[PDB]
Each structure stands twice: as structure tokens, then as C-alpha cells.
Ligand SMILES: O=c1nc[nH]c2cc3[nH]c(NCCN4CCCCC4)nc3cc12
Ligand SMILES: O=c1nc[nH]c2cc3[nH]c(NCCN4CCCCC4)nc3cc12
Ligand SMILES: [Cl-]
Ligand SMILES: [Cl-]
Ligand SMILES: [Zn+2]
Ligand SMILES: [Zn+2]
């Protein structure tokens with residue numbers, strides 16, 4: 001099997017559909033990655049994650065590098081063996097959550113209550129046995145002045161080069177894994193261009209659009225994607241970090257994005273929000289107490305084949321673990337079915353119509 | 001399929017092994033019943049409960065009669081349909097937990113902050129669609145004076161007759177379900193005898209030993225079982241309510257018990273205690289942080305086929321739902337494997353040796 005091979009099978013406008021072949025499996029694009037926090041996709045066995053259609057998961061690095069620790073996970077055989085997921089894992093750099101969850105910044109890296117640098121991040125992801133490694137970057141806060149956005153983006157580009165060099169120095173990592181760079185530049189077109197130029201000069205297997213989904217709102221996010229994604233190499237995957245709601249995903253695919261990760265389906269699941277083709281519902285609402293219909297009328301997932309809204313309503317109101325399990329499996333399956341419909345409609349040259357039909361019904 | 005047919009295939013001393021055939025399935029005895037609280041075996045899908053080997057589950061009635069309510073569950077198609085378990089369900093009467101979790105007692109029944117009577121209990125269990133219905137009784141507190149134990153037991157016997165009559169008056173229930181009576185009498189042999197006599201005079205499909213596992217300790221529980229179980233009809237199942245730890249179960253089978261229920265494997269599971277053939281372990285203990293062995297070296301369950309102690313240690317310490325899921329599935333599977341070994345050893349006339357071997361290793 002190849003280390004990393006991206007093939008585009010079909011296009012419609014800026015939207016693409018295709019495959020990434022890697023040693024541990026094939027990734028169908030556009031792809032949604034369920035998020036594994038602390039080496040688990042919350043409330044799901046890996047076999048259930050796979051049953052929903054997921055080809056790849058995102059492994060958060062931040063918690064794992066603290067406990068059990070990256071060296072310990074490597075001693076235990078790597079993250080794949082540890083958690084029982086044998087397909088590709090994309091690991092984040094650890095830095096985003098350092099800024100969010102724990103700090104002193106410098107050119108070397110970030111110190112926090114430990115020092116995380118581009119080199120240490122790459123080594124940690126190596127020890128975990130990551131298939132897709134993210135360059136260590138800085139997510140510029142929103143809003144930012146042009147000067148602050150510029151200095152931040154430039155530091156990220158220097159860190160991108162350091163990430164590239166550290167990755168390339170580790171033969172086994174370079175042979176078996178892939179490395180993605182992350183574009184910054186806030187909402188500023190000229191800075192996004194400078195960032196894309198820098199990343200392309202270094203060269204990566206894929207390119208993420210960073211610095212978005214940080215409070216700017218969908219209109220602004222879409223505006224920035226409009227000019228930012230075409231700046232990236234067309235022949236490599238485009239990854240939008242931390243996105244998003246179903247409508248965010250459809251619009252981002254319309255703008256050339258191939259990969260997504262988001263905690264929404266899992267987090268929402270546990271909190272009682274189920275995604276349906278007619279929009280989200282809160283299953284705790286009294287209107288579902290005697291509703292024998294499945295969560296969604298069309299959904300192919302095992303939860304909708306077997307249990308009613310009324311039962312899941314009861315479980316979530318009772319605080320039962322099975323409620324979290326069933327809601328999460330359905331929500332992840334819904335996201336995967338959304339990605340499948342996106343892939344099929346692009347392949348068939350009817351994605352524009354699908355996007356329109358999806359929105360009309362989802363927001364009715 | 002028959003409504004209720006108990007067949008004893010083999011005996012060794014007071015121990016029996018056999019089958020109960022019912023309309024929704026066969027129950028292999030001695031049997032362990034996982035407990036479903038609020039219409040779920042906590043942290044397990046019904047398919048997983050079945051995969052562990054369970055033939056029947058216990059449905060607590062107390063919470064369900066409050067929310068969603070018995071009438072509501074009946075409107076939704078009954079408990080089996082509601083929770084997705086299509087095999088036999090034994091329901092308790094609701095009264096034990098009324099005394100434990102919420103009271104004014106009278107000859108009519110128990111009032112609590114609702115009135116629960118033998119007639120109302122039987123009707124609630126009917127509405128849930130129970131396969132094995134428990135007579136409504138009073139669990140005498142321990143310790144009790146002989147006079148208090150006597151008056152309590154006598155009230156329970158009057159309630160047993162009322163339970164019998166209410167059950168028999170409902171044609172569909174009498175045709176499709178079974179009814180068990182519950183022996184009381186505290187630790188007093190003469191009262192246990194009077195209770196057994198009363199229950200046999202009324203006639204039930206099975207007989208529970210009530211009033212035990214309420215603080216008396218194993219030595220005393222075994223002493224009471226020694227004389228109490230032979231008082232019950234030999235040709236019907238014997239059910240020990242709320243028992244217990246693995247060694248409690250082995251000793252109770254040695255004394256003629258055929259059926260068990262206990263929250264221990266599920267509750268312990270969530271709290272980090274795993275049962276093994278070498279005794280219980282607390283998976284949170286630091287000694288398991290790098291232990292790549294399964295929870296138990298011989299266990300056939302899916303958890304022990306795939307995940308390490310180290311991973312489950314990590315999950316439970318992180319408060320992850322998957323930790324509760326995996327611990328619970330293993331513990332229920334362990335209990336079922338214990339029951340299978342008990343059944344096989346009685347069938348083969350080597351149960352005495354099994355009990356000795358089990359204890360020597362479990363308590364080493
Ligand atoms: O620029 C980034 N570099 C590295 N990692 C990132 C992660 C991100 N995550 C988000 N947004 C997360 C949005 N999410 C929505 C659901 C609720 C929790 C927050 N933007 C990001 C940008 C970056
Ligand atoms: O005499 C009884 N009548 C009706 N229901 C019962 C339920 C019982 N449950 C117990 N003991 C429960 C022990 N269990 C052990 C694990 C932790 C929670 C308590 N004795 C019981 C007697 C009775
Ligand atoms: Cl997110
Ligand atoms: Cl119990
Ligand atoms: Zn579904
Ligand atoms: Zn096991």
C-alpha cells in the first residue's frame with residue numbers, strides 16, 4: 001500500500017471527490033473525521049466508529065501527551081494498538097488545546113503548566129504512531145489587527161519549516177506517515193496568500209486552512225474560504241480544521257475543502273442534540289416522550305433501525321450511558337451519510353442541486 | 001413454545017442444572033440475570049447483553065412506574081419493544097425499592113412520596129409485559145425479633161395470595177407469563193417453614209428466597225439457606241434475590257438455588273472493579289498502567305480479546321464512557337462464564353471439585 005496518494009475522481013465547480021490511499025487504509029473524500037479525545041471516540045467502540053462509515057479519526061494529542069504520555073503509549077505499542085483502531089489516524093499538533101485548555105509563547109515554542117515546540121510535537125506524533133501528522137502552528141485569535149495577524153502567520157510559517165525538517169529527519173515517520181501544513185493569515189487575503197506561498201515552497205502532503213471557526217461566523221468564514229482555498233495546491237487535500245455544523249460542511253465543500261473534523265456530533269450527542277435531515281432536534285424535549293419514530297426517518301444507522309425517539313428521550317432524561325451511546329452513534333452515522341451524499345452527488349455532477357435541496361429541507 | 005416449563009437435567013447434592021422454557025426463550029439454570037434499571041442494563045446494548053450469554057434480564061419496576069410510567073410503556077408497545085430486548089424479562093414488584101429509595105405501610109399496601117398494592121404491582125408488571133412476575137412482598141429488615149419477623153412474614157403471605165389472585169384474573173397474563181412467590185421469615189427456621197407452607201398451598205411457578213442479602217453476612221445467609229431451600233418445592237425453580245458476589249453464587253448453588261440477580265457486575269464495572277478468576281481487581285490502581293494483559297487471562301469476552309488492562313485503566317481514570325462500557329461488558333460476561341462453568345460441572349458430576357478449585361484460586 002502507498003504511504004500517501006491523493007486521487008481526484010470527479011469535480012463540480014470548486015468541489016472535488018476522490019480518495020487518499022495510505023498504508024492503514026483508504027480515505028474517501030470529502031471526509032469527516034470523528035474526534036478521539038484521550039484515545040477514544042467518546043461512547044463508541046472503534047468497531048462502531050467504523051460501522052458508521054468513518055475511514056479515519058482525529059486523535060487529540062494534548063491530553064495524551066500528558067497522560068499516559070507519548071513515550072508510554074509507544075511502549076504499549078502505539079495509539080492504534082492501544083485504542084483498537086487499525087485504520088488511519090490524523091493527530092493534531094497539541095498546540096491548539098495548549099492555548100485553549102492550560103502559557104508563555106516564544107520563537108522556540110510554547111511553555112505551559114512543559115515546553116511544546118515544532119520538534120517536540122513531531123516527535124510526540126511519531127511516538128503515537130500517527131498516519132497524518134500536523135505541523136505545529138499558532139492559531140491567530142479573532143479578531144486580529146493586520147500587523148498582529150502578520151507576525152503570527154510568519155511565526156507559524158517558520159514553525160512549518162521546522163515541522164517539515166523534524167518529520168523528514170525521522171526515517172520511519174517519513175516512510176510511513178504524511179505531513180500537513182497549516183495556512184494562517186486571519187481574514188486578510190494578502191497574508192493568506194503569503195502563507196500559502198510559504199507552505200507550497202516547503203512542500204506538504206496536504207494543506208489545512210487554519211485560523212477559522214474561532215468566532216468569526218459562517219458568512220465571514222465562507223468569505224475567507226472563497227479566496228483562501230484556491231491559493232493552496234490544487235493537487236493535494238484541503239483540510240478545514242474544527243468544522244463543523246452540517247451546513248458549514250456543505251458550504252466548505254462547495255469552496256474546495258476535502259477534509260473535516262469536529263466534536264459537534266459526539267459532544268451534541270451526549271447533550272441530547274440529534275442531527276436529522278430536517279435539522280437538529282433536542283431529544284430531551286417533551287414532544288418526543290411518546291414518539292415511536294426513529295431519530296431520523298431516512299437514516300440507515302443501527303440506532304434508527306432499532307430504537308425510538310421515545311426510548312432515547314427516556315435514556316437521556318434519566319442520564320443513562322446507553323443514551324449517550326445511541327445518540328453519539330446516530331450523530332456520527334448522520335455525518336458520515338452526509339459525506340457519502342456529498343461524495344455521490346459530486347461524482348454524479350449534481351452537487352449544486354444537492355446543496356440547495358439539503359439547505360431547503362434542513363432549514364425548513 | 002410453552003408458557004413455563006422447568007426441567008432438571010442433572011443434580012449433584014442439592015445443586016441442580018436444567019432449563020426453563022418460556023415463550024420468549026430458554027433460560028439455562030443456574031441462571032444469572034443482569035439488572036436493567038430504568039429499562040437499560042447500564043452501559044450495554046441489549047445485543048451486547050445477549051452476546052455475554054445472558055438468557056434473561058431483571059427489569060426494575062420502581063423507576064419505570066414513575067417515569068415513563070407503566071401505562072405509557074404499554075402504549076409504546078411494552079418493555080421488550082421499548083428497550084429492544086426480545087427475550088424473557090423478570091420484573092420485580094416495585095416494593096423493595098419503594099422501601100429503599102423513597103413511606104406508610106398498611107394491610108392494603110405501601111403509600112409513598114402513590115399507593116403500591118399487590119393488585120397494582122401485578123397490573124404494572126402486566127402493563128410492562130413481564131415474562132416472570134414477582135409477587136408483591138415485604139422484605140423484613142435485619143435483624144428482626146421473632147415476633148416482628150412473624151407478623152411481617154404473615155402479611156407477605158396474605159399479599160402473596162392477593163398477587164396470585166390478581167395475576168390469575170388477567171387472562172393474557174396467566175396465559176403468557178409466570179408468577180413467583182417469595183419466602184420470608186428472617187433467620188428463623190419455623191417461620192421459614194410456615195412461609196414455605198403458605199406459598200406451596202397457594203402454588204407458584206417458582207419460589208424466591210427473600211429477606212436475605214440485607215446485612216446478615218455470608219455465613220448467616222448460608223446457614224439460613226441450608227434449612228430454607230429444602231422447604232421449597234423441589235420441582236420448581238429457586239430464586240435468591242439480590243445475590244451476589246461470585247463466591248456467594250457458588251455457595252448458594254451448592255444449597256439448591258437456580259436463579260440470581262445482582263447489580264454488582266454492572267455497578268462495580270462503572271466504578272473500576274473487574275472480576276477475574278484470581279479475584280476482583282481495581283483497574284484504576286497504578287499497577288495496571290502498563291499492563292498489556294487482558295482483564296482476565298482466560299475470559300472469552302470481546303473486551304479481553306481486544307483491549308489491555310492498561311487501556312481500560314486509562315479510560316476509567318479519564319472518566320470515559322467507553323471505560324464503563326468495557327468494564328461492564330467484561331463483568332457481565334465473567335458472571336455468565338461462571339454460570340456456564342457451574343452448569344457444566346453439575347452436569348458432569350464434578351461441581352464439588354469445581355467449587356473447591358474456584359475458591360482456592362479466587363481467594364489465593
Ligand atoms: O488554526 C488552527 N491550527 C491548529 N488547530 C486548529 C484547530 C481549530 N479548531 C477550530 N475551531 C473549533 C470549533 N469547534 C466547533 C464545535 C464546538 C467546539 C469548537 N478552529 C481551529 C483552527 C486551528
Ligand atoms: O425479600 C425480598 N423481596 C423482594 N425483593 C428483594 C430484593 C433484595 N435485594 C437484596 N439484596 C441486595 C444486595 N445488593 C448487593 C450488591 C449491592 C447492592 C445490594 N435482598 C433482597 C430481598 C428481597
Ligand atoms: Cl471542534
Ligand atoms: Cl443487588
Ligand atoms: Zn440514525
Ligand atoms: Zn473479559
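Along the chain as shown, residues are numbered 1 onward.
This entry, so its header tells us, was determined using X-ray crystallography, 1.5 Å.
In case you wondered, yes, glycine gets a Cβ from its N, Cα and C as well.
As written in Swiss-Prot, here are the features:
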ACT_SITE  A:92  active site, proton acceptor
BINDING   A:92, A:93, A:94, A:95, A:96, A:137, A:184, A:211  substrate binding site
REGION    A:242-248  region 'RNA binding'
ACT_SITE  A:261  active site, nucleophile
REGION    A:266-270  region 'RNA binding'
BINDING   A:299, A:301, A:304, A:330  Zn(2+) binding site
Tally of helix, strand and coil residues over the region 'RNA binding' (A:266-270) according to DSSP?
5 helix, 0 strand, 0 coil
Which residues does residue A:94 (substrate binding site) neighbour through Cβ under 8 Å, counting only same-chain ones at least six apart?
A:61, A:62, A:65, A:116, A:121, A:124, A:136
Calculate how many Å lie between the CA atom of residue A:113 and the CA atom of residue A:114, with the 7 residues in between left unmodelled, and give a whole number.
6
Report the binding-site residues (A:94, A:95, A:96, A:330) that meet this criterion: Cβ distance to the nearest atom of ligand 1 under 6 Å. Use sequence order and write none if nothing qualifies.
A:96
What is the biggest Cα to Cα gap, in Å, among A:92, A:93, A:94, A:95, A:96, A:137, A:184, A:211, the residues listed as binding substrate?
17
Three-class DSSP assignment, the residue listed as 'active site, proton acceptor', comes back as coil
How many Å separate the Cα of residue A:102 from the Cα of residue A:103, given that the 2 residues between them are not modelled?
7
Output the one of A:95, A:211 that, of all these binding-site residues, has the highest number of other Cβ atoms within 10 Å of its Cβ.
A:211
Nonlocal residues around residue A:93 (substrate binding site), in sequence order (Cβ under 8 Å, 6 or more apart):
A:61, A:121, A:125, A:134, A:135, A:136, A:137, A:163
Give me the CA-CA distance between residue A:211 (substrate binding site) and residue A:92 (active site, proton acceptor), in Å, as a whole number.
14
List, in sequence order, the same-chain residues at least six positions removed whose CB sits under 8 Å from that of residue A:304 (Zn(2+) binding site)?
A:294, A:295, A:296, A:330
Looking only at DSSP and grouping its letters into three states, which state does residue A:304 (Zn(2+) binding site) belong to?
helix
Largest tally of Cβ atoms lying within 10 Å of a Cβ, found at which of the binding-site residues A:96, A:137, A:299, A:301:
A:137
Residue A:261 (active site, nucleophile) and residue A:96 (substrate binding site), Cα-Cα, nearest whole angstrom
14
